[PDB]
Each structure stands twice: as C-alpha cells, then as structure tokens.
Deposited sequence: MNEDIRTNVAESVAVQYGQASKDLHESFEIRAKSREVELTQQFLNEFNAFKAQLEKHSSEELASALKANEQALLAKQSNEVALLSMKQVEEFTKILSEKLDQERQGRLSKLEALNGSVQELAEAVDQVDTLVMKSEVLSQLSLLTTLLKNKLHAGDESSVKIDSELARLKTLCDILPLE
C-alpha cells in the first residue's frame, strides 16, 4: 500500500535523475567531440591552403626566376657594350688631349655628342632595354670619329 506508493515515488525520482544524467553526459561528449572535429577540419583546411599556396608559389617562383635571369643577361650584355664604348671614348679624348693637332672629325663629334644627349634624356622614366639598339650607332660613330 504505502510501500508501493513509496516505490512509485522513488522510481519516478530515479527516472528523472537518470534522464538528467543521461542528457548531461551525452551533451558533454557531443561538445568535446565537436571541439575536436572542428579543430581537425580547420587544420585540414589550413593544410590544403598550404598545398595550394605551394603550387602557386612554384609557379610564381619559376616566373620571377626566369625574369631575373633575363634581366641579368641583358644587363651584363649592355654593360659590356658600355665598357667597350667607354674604352674607345677615353682613348679618343686622351688622343685629343695629347696631340696638339686635330684628331677627330668635328661633324661626327658633334653628331655623336648630340646623340649621347638625346639618349641620356630619353632615360628619364620606359625601360633600359629600349636603349640597347642605339648603343650600336654610338659604337659606329666612335669608330669613324678619328681622322681616318
């Protein structure tokens, strides 16, 4: 009678407490697993981002490398031409300073001087390789500059 009433009351209390404990345990398990899985998905996204960036960076590395090598090649070439030009120009100027008589054709000298001025003033803002072609003419004029 009253023993059964107490049994029912206690069974009810245990039912409620057990379902509370059950929901609590399940929620905490789900939450910690969610934290782990979310950190894992973020690490995976970061690794895939690194892989994509590494591919694009092999690409950009090849581009920047061949560009730098191209510029180095053309720069060394035009520096070599510049040094040959400077050598012969110094030679001729020394010949003028040494000899007391005429050494060079004044027409060719004035033309070469004005050409040098034009070239130097085109070099103020465009690239330096747009000048390489003119370095031929200079050479030519330095070769026909002396009286001969």
Return the ranges of the deposited sequence not covered by C-alpha coordinates, sorted by sequence position. 1-29, 155-156
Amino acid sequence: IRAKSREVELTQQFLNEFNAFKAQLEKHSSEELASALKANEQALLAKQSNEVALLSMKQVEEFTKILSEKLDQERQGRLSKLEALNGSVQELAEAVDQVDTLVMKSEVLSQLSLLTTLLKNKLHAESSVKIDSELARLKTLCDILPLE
From here on, numbers count along this sequence of modelled residues.
Quick note on 55-63 and 109-117: per-entry mean CA temperature factor is higher in 55-63
On mean Cα temperature factor in this entry, is 86-94 or 44-52 the higher one? 44-52
Using the entry's values, work out which of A125, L10, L138, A23 has the largest Cα B factor. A125
Would you check the entry's CA temperature factor for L147 and let me know if it's in the chain's lowest, middle or highest third? middle
